[PDB]
Amino acid sequence: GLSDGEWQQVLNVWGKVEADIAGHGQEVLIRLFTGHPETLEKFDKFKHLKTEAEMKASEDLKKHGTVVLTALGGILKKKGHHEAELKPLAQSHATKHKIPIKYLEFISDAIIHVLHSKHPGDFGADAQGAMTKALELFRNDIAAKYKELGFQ
Ligand code: HEM
């Protein structure tokens, strides 16, 4: 649960992402894959990437970063009223991709890391607080659907 002022901060931060969605998406995925190499094993189309240089050179990885962040941005713009947008993603991630909730924690922290790396000094403490709360809400509503499905 976020206040109106917290949602305003989230959507202000998101404007930074929307100026370069592919560059942000690329770096988020690279941070996830390099920090948590077991996550790479869930992607049949990226498991061939052995080095970060290969990851950086991959145009398909940048494409997937655009898909991921476009979906998250659509959810964030609903300011919590995201049941219809979140349900298919929870279902596909539990039943088809088999993504444990832990990996959604990993990517949440990676988004925070990337924002500080690309906007040092311009991602303030209030903005970090509000973005963190928004990613927690996203993760928590996915977790409720995971429990319904019995997925661990
Ligand atoms: C911010 C969180 C994330 C969002 C919004 C997101 C969004 C999406 C979307 C929109 C798709 C394509 C449609 C679909 O299959 O449902 C996708 C595919 C996928 N997601 Fe996620 N995702 C997230 C986190 C993750 C994480 C943490 C993992 C794995 C560690 C992951 C693994 C996958 C896989 C394996 C695919 C299929 C890729 C393919 O082979 O083309 N997702 N995701």
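The numbering of chain A matches Swiss-Prot: 2-153, in order.
The way this entry was determined, per its header, is X-ray crystallography, 1.4 Å.
Heads up, the Cβ atoms here are built off N, Cα and C, so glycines get one too.
Database features (Swiss-Prot):
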| type | residues | note |
| --- | --- | --- |
| BINDING | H65 | nitrite binding site |
| BINDING | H65 | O2 binding site |
| BINDING | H94 | heme b binding site |
| DOMAIN | 2-148 | domain 'Globin' |
| MOD_RES | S4 | phosphoserine |
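Here the features listed in Swiss-Prot are painted onto the structure.
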{"residue": "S4", "record": "phosphoserine", "Cβ within 10 Å": "10"}
{"residue": "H65", "record": "nitrite binding site", "Cβ within 10 Å": "18"}
{"residue": "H94", "record": "heme b binding site", "Cβ within 10 Å": "20"}
*Which three-state DSSP class does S4 (phosphoserine) fall into?*
coil
*How many Å lie between the Cα of the residue listed as 'phosphoserine' and the Cα of the residue listed as 'heme b binding site'?*
28
